[PDB]
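Asks: Just passing along the structure, written as structure tokens.
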Amino acid sequence: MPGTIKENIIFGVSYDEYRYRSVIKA
């Protein structure tokens, strides 16, 4: 599903926000 970190802006390069900035932070 993911890639080997190399030109993969797709919604799969972990944007430290998709599911990291909207779960346990109000």
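The way I read the labels, and the way they are meant: chains A, B, ... in the order of the structure tokens, residue 1 as the first residue of every chain, and ligand 1 as the first ligand shown, with later ones counted on from there.
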Find the residues around residue 12 of chain A up to 9 Å (only C-alpha atoms counted), leave out those fewer than 6 positions away in its own chain, and share them as a PyMOL selection string.

Replies: chain A and resi 1-3

Asks: Take atom CA of residue 7 of chain A and atom CA of residue 21 of chain A and report the distance between them in Å, one decimal.

Replies: 23.2 Å

Asks: Measure the distance from atom CA of residue 8 of chain A to atom CA of residue 22 of chain A in Å and round it to one decimal.

Replies: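 Separation between atom CA of residue 8 of chain A and atom CA of residue 22 of chain A: 22.7 Å.
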